[PDB]
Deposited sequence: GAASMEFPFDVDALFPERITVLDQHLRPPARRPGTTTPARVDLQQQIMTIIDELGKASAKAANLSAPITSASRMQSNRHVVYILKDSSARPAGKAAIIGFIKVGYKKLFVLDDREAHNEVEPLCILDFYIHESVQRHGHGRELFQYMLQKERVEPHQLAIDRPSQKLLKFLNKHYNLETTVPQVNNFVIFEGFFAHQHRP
């Protein structure tokens, strides 16, 4: 039904979408609340890894505390958690079809999960659209870290994103990423 936790998620996350950074700050004891948030991030990371068939999580409280990632968490309004998306700027070398490496630092989509029970009901788009508005980035400016097959379809459906230059580094970028690509 969702990710259920043995504590008052509503009290902790009063908003439907909660944005947290490396500080994992409780929305306005400090210690007990913050521990609850770390548990949520740990469990979300595990669930996302099971979903994408990863042998280990790529998102955790520990990894959040030591990076400059931003996580957007979607709460179930029916007290449980429905899913999240994690983003961050990363220094990448991107190939440009003259086959040269270009050092860039785009916003990257790093991890993304919606509970199986409510996948394909528009919640992924809900979070993605919120993140786009908050980060003030256009979808074609993004790089995606190891997109899943579901995510590739999602990006093409909602944002008309079509891959551009194939990459060797497991990031994916789309038409519009390069300066000469700006068709409306």
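Undergrad: Give me the ranges of the deposited sequence that have no CA atoms here, in sequence order.
TA: Residues lacking C-alpha coordinates: 1-2, 31-38, 89-94.
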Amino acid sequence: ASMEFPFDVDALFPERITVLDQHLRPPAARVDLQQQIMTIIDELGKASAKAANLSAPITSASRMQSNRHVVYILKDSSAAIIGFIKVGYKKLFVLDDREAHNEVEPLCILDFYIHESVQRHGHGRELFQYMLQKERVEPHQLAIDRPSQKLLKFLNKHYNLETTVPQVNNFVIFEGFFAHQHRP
From here on, numbers count along this sequence of modelled residues.
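Undergrad: What stretch has the higher average Cα B-factor here, 49-57 or 34-42?
TA: Result: 34-42.
Undergrad: Going by the average Cα B-factor in the PDB entry, point out whether 125-133 or 58-66 comes out higher.
TA: The deposited B-factors put 58-66 ahead on the C-alpha mean.
Undergrad: When you compare the CA B-factors of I81, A100, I114, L92 as listed in the entry, which one comes out on top?
TA: Across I81, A100, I114, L92, the entry lists the biggest C-alpha B-factor for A100.
Undergrad: Report the option among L161, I173, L12, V19 whose CA atom has the maximum B-factor in the deposited record.
TA: That would be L12, according to the entry.
Undergrad: Would you please rank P27 by its C-alpha temperature factor against the other modelled residues of its chain and give the third it falls in: lowest, middle or highest?
TA: Highest third - that is where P27 ends up once the chain's C-alpha B-factors are sorted.
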